[PDB]
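Participant: sequence unknown, structure follows:
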Ligand code: HEM
Ligand code: HEM
Ligand SMILES: Cc1cc(N)nc(COc2cc(CCN(C)C)cc(F)c2F)c1
Ligand SMILES: Cc1cc(N)nc(COc2cc(CCN(C)C)cc(F)c2F)c1
Ligand SMILES: C[C@H](O)[C@H](O)[C@H]1CNc2nc(N)[nH]c(=O)c2N1
Ligand SMILES: C[C@H](O)[C@H](O)[C@H]1CNc2nc(N)[nH]c(=O)c2N1
Ligand SMILES: [Zn+2]
């Protein structure tokens, strides 16, 4: 009841008691582990008034434990107050301070997030007064501007009104506020980002005039209070982009690559005290490998290890020449170099993973544990030369949390 | 009750029913996943006559199902026969054919093993007639010779007598039949393999005269039927070694690296029909990354990314120059190149991981599933440019199996 995780590179041993507070299930049973299923049925998201008070009570008891005033009158009053409001309205509302705590701790509890050392320094924009897609677009634009901070990126989340009935639902339909378009070709090949082609067509469906290149920033599709979503173009001056050059290969400019500075995940669901915020875009800054490895080099993403290795003049005949590995390291040197030379906040997968081990030490000391998904924490290149490879991580689901949710067009009852 | 695993790079979907046959537990519960604990208490190994027949019956019912003659008289007789022998002797003995099946399927069931596409082509040397450390040493030498096959490596396992009481126990004390010695220094640094220093001293304890270099092949320490283990030097002509050169950097010879051709894991436990074979060395051929990444570049292993990157003339000031990544790809190009140019069987982590996906297809088709540990199947470099990164794997514990077991010197009641 007091589990142990070891680092096999440092012989460090931490003791995890925090998992005792754990609430939701994982997908693993005693006789099967599913630690590598991408979107388990547990990580995906309609609740009633009955279940809503335990979740409200549980969340509130830890929020007052957080600000050192647990069990007091201001606590016991706030429990009655929300109890009373959940009888009266079969839902309730979070105090501005309860939102900021809740959100911060959904990030803190994200076991698949390697950059959580910064969880406390999160900026919460309370957009619960929003009512229109235009209001969303305005809130989202001020997010983009603030979090971008001219390359000196800042963590932020903008929280649109919580789900109520379920049919009046705020959603960003984008998977990220900034993503490049994806267009299929005559021969069935793909220009742009193959991940988004389904979304790119949904935008053209609703009227997007596509410039039909690679790195075309998509418009925002914003569903407000259940109504049909509406296209909005982020002002280009607000979308900061790093053109990718290499600090050796001058032909790497002619590759003509670039990425947006701001990773800002928009399509997920924030759970606080049993309340569901269906739109809650959040942003940080990139780890280099998300762009250099996954975006640029996944097979069904930009798939550039081909053209890069060509220009490197690499033994591409044999699989065992490791030409794919060689061209991958250069591509990530270029991403990190490019972002740093434009003063745009980026972190390499070595620095990010050491900070996470430093963060894990804090969380097992001043909190008793740190839920961690090794399958997701280990960078997708040079796994074992980074210190997270050798660290055992206990994965469990705490709340407040971020949950996946179905894409809106699979569920949205249209006009 | 018919779980689904998806490949997110190919959209391939397999259906796992084989996990229904699963028997032992994993360490994960509904509310915690431990898929990244190295040696869970389940994966580590005294049984009574009561429990011994279900395990005997379960194993035999699948062995006759294997050779198409399930439920027949030869089956029902063999069940009575072993039932009778487990009453009479509170243990039993495997037919030569039941050993070969059992062993092959312990390899087949090893969910952490990426090279299992070859599980059926395993050579089983039945050393259950062995009684002395000298007999062990002779059996082990014929293993080494056979599996090495002059660089054209072959899979093999040598099975010493099964555990009985528990105090008469055959054990190879080596973790592998061939490993380099590790000696600590005046300044506390380490010459050789830091992993083995504890073992290297136990050998010098029992009388090993150490040549005190790096790549000094350790002697065998062989415990036979419970008696004190005894040192034996594998004839050097039997220990094939690849000196590591690079196909560009002529200063990579002057690095002076070399590795043994034969990976041969000796310290683990083979479970067949509830029977425990405490000594069962098994060997295949290397994946390149086990040497180039883990051996050569783990921090507490040979830790050569230092000296290699120096000679590469690399930006070692900044962590974010990715100099560690750059020097790692070259080191693995050199290992693969070196082994191939000496006609010594080696596989690159790209070829090995594609074969495993091909193998996974066979196992979900002609068997209903394939237990797989993603944390261990994904190569420790260039994770996501290999197809196992994107494949969901169901991990479960089938039997016959290989289990870890405590090291003998922590348990051996000495003389
Ligand atoms: C501050 C810089 C940040 C960095 C470097 C970072 C890095 C990462 C990385 C590399 C992943 C793995 C996902 C992938 O590779 O596709 C991830 C996942 C995630 N991060 Fe962070 N992130 C940051 C900020 C944030 C913020 C501000 C939040 C929430 C407000 C957050 C919450 C999450 C969540 C929910 C996931 C996915 C967990 C899941 O899929 O279940 N992160 N992050
Ligand atoms: C034929 C070539 C083979 C290759 C390329 C191969 C490769 C690997 C690799 C890369 C690992 C991960 C361990 C690590 O990286 O430290 C592993 C684990 C393992 N392999 Fe294989 N192997 C081969 C043959 C065999 C054979 C012949 C057996 C059994 C007779 C076997 C059974 C296992 C077991 C039991 C494990 C570890 C599972 C655990 O720790 O629970 N493998 N193998
Ligand atoms: C704020 C932030 C910063 C950063 N540097 N990186 C990220 C990446 O975050 C996520 C990535 C995915 C991709 C999931 N895949 C199946 C497509 C799903 C999520 F839910 C995430 F939160 C986020
Ligand atoms: C036959 C074979 C071929 C091959 N190419 N590689 C291997 C590696 O197999 C193992 C490696 C370890 C290291 C475990 N670590 C904690 C030190 C533990 C085991 F039980 C293994 F079976 C085996
Ligand atoms: C199949 C597997 O779950 C899937 O590829 C996961 C593995 N680990 C990951 N880890 C991170 N950080 N990001 C990912 O997208 C994935 N994908
Ligand atoms: C902590 C973690 O379980 C440990 O480092 C594991 C991770 N995955 C691995 N995978 C392989 N193939 N070999 C290993 O030694 C390990 N080590
Ligand atoms: Zn699990």
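Facilitator: Okay, I see it. Numbers count the residues shown, from 1 in each chain, chains lettered A, B, ... in the order given. Ligands and ions are numbered 1, 2, ... in the order given.

Participant: Name the nearest residue to residue A:17, ignoring sequence neighbours.
Facilitator: Nearest residue to residue A:17 in three dimensions, chain neighbours excluded: residue A:368, at 4.1 Å (Cβ to Cβ, 6 or more residues apart in numbering or on different chains). (C-beta placed from N, C-alpha, C; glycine too.)

Participant: thinking the one you found is in contact with residue A:16, fair?
Facilitator: Yes. Residue A:368 is in contact with residue A:16 according to Cβ atoms under 8 Å; the separation is 6.8 Å.

Participant: Looking at those two, which is more packed in?
Facilitator: When neighbours are counted by other Cβ atoms under 10 Å in any protein chain shown, residue A:16 comes out ahead of the other of residue A:368 and residue A:16, with 24 against 16.

Participant: Excluding chain neighbours, what is closest to whichever residue of chain A sits closest to ligand 2?
Facilitator: Chain A approaches ligand 2 most closely through residue A:384 (9.3 Å), counting by Cβ to the nearest ligand atom. Distance criterion Cβ to Cβ, 6+ apart; nearest residue to residue A:384, sequence neighbours excluded, is residue B:380 at 3.6 Å.

Participant: check contacts around that neighbour.
Facilitator: By Cβ atoms under 8 Å, 6 or more residues apart in numbering or on different chains, residue B:380 lies in contact with A:383, A:384, A:389, B:289, B:293, B:294.

Participant: follow-up on the earlier one: in three-state terms, label the residue nearest to residue A:17 for me.
Facilitator: coil (DSSP: H, G, I helix; E, B strand; the rest coil).

Participant: among the contacts of residue B:380, who's most crowded?
Facilitator: residue B:289 (32 neighbours).

Participant: From residue B:389, how far off is the residue nearest to residue A:384?
Facilitator: 12 Å (Cβ to Cβ, to the nearest Å).

Participant: try residue A:344
Facilitator: 27 Å.

Participant: likewise residue A:181?
Facilitator: Relative to residue B:389, and taking Cβ to Cβ, residue A:181 is found at 26 Å.

Participant: residue nearest the centroid of chain A?
Facilitator: residue A:265 (4.7 Å; Cα atoms, centre = their mean).

Participant: give me every residue that touches that residue.
Facilitator: Residue A:265 sits next to A:175, A:176, A:281, A:282, A:283 when contact means Cβ under 8 Å, 6+ apart.

Participant: In strands, which of those fall?
Facilitator: Members of those lying in strands (criterion: DSSP state E): A:282, A:283.

Participant: closest to ligand 1 among the contacts of residue A:265?
Facilitator: Top of the list for closeness to ligand 1, among these and by Cβ to the nearest ligand atom, is residue A:282 at 3.4 Å.

Participant: quick one on the thing from earlier: ok but the residue of chain A closest to ligand 2 is inside a helix, no?
Facilitator: Yes. Judged by three-state DSSP, residue A:384 forms part of a helix.

Participant: correct me, but it touches residue B:299?
Facilitator: No. With contact defined as Cβ under 8 Å, residue A:384 does not reach residue B:299; the gap is 9.4 Å.

Participant: how close does the residue of chain A found nearest ligand 4 get to residue B:294?
Facilitator: Per Cβ to the nearest ligand atom, residue A:8 is where chain A lies closest to ligand 4, at 7.1 Å. According to Cβ to Cβ, residue A:8 and residue B:294 sit 11 Å apart.

Participant: likewise residue A:394?
Facilitator: In terms of Cβ to Cβ, residue A:394 sits 24 Å off from residue B:294.

Participant: what's the helix or strand for residue A:50?
Facilitator: Residue A:50 is part of helix A:49-66, with elements assigned from DSSP states H and E.
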